[PDB]
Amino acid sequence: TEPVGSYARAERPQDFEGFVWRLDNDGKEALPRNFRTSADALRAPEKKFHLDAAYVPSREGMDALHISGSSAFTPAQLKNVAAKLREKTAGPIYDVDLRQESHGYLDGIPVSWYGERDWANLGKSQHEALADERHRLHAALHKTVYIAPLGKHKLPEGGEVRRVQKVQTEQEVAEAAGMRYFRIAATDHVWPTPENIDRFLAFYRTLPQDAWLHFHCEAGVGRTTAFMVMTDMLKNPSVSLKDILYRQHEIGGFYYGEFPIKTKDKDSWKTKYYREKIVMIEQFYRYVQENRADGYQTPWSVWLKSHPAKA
């Protein structure tokens, strides 16, 4: 049995092998889905979270946060994102890729290698995960591929088949958009790992004071809000858990505080990861508070080890 913060280690990777090239985006809209900025207005909280619609959260720090989120995108969409952001900042803009799934671009069509629940790379090390990705992205060249969108049973639905003539890496699409690139291989519906967060902490500490971080995952909800929240915590350790949590939800992200977890029969397996996320995000706030003074010297992983959370 796993200790809270590590429930995912109990799953069997061999049971979620990639099987299809998922279409990550149709490139129909000029912008990717769920695009938002810390420079945006708060909106009423969504019902599903049962929050207090009359509580006005604090904005201390938001203006200097220089953070944003979004779903996967097409090469064109990335340029439109980079253009909206160049209107709000002048510093270096970072495309912060949070996907452990192997994704890239086939003929410019953004795709990811999809296994049930999106765990085709479950258990792999970041190095391994990126090794799988270079490899099958190269193997797609000059070959016939079936790429498609998932309907709802999360199984393919239409799509198209073509012979691949161009193959690209997310990093290369970013460099074409004028953005810098940084990858943190995080598994899809779970609390990021100690490895993931240690890696984000080290990169965060070397950032130019004026860097702008653009986070994105597959749909741009869970993993991206998780990192947007830790960057909020990390950079405004002064403001309360409540405000940060209400804050990141009211500009279009997920609510990471406790709420009543409701799932479809198909998704019952998600419940524990929703509860585990609630516990770890408060433990991370606790870590921000107890090392903020110190030199965030001690990495999250060494601290987590001697300050375990409880379920």
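The first residue of the shown sequence is 1; numbering continues from there.
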Quick one: higher average CA temperature factor, 158 to 166 or 102 to 110?
158 to 166
Please work out which of 264 to 272 and 240 to 248 has the higher mean CA B-factor as recorded in the PDB entry.
264 to 272
Have a look at 173, 120, 85, 185 and flag the one whose Cα has the highest B-factor in the entry.
85
Ranked against its chain, the third holding the CA B-factor of residue 257
lowest
CA B-factor ranking of residue 300, expressed as a third of its chain:
middle
Residue 208 - Cα temperature factor, lowest/middle/highest third of chain
highest
Just say lowest, middle or highest third for the CA B-factor of residue 231 relative to the other modelled residues in its chain.
middle
Classify residue 151 as lowest, middle or highest third according to the C-alpha B-factor given in the PDB entry, relative to its own chain.
highest
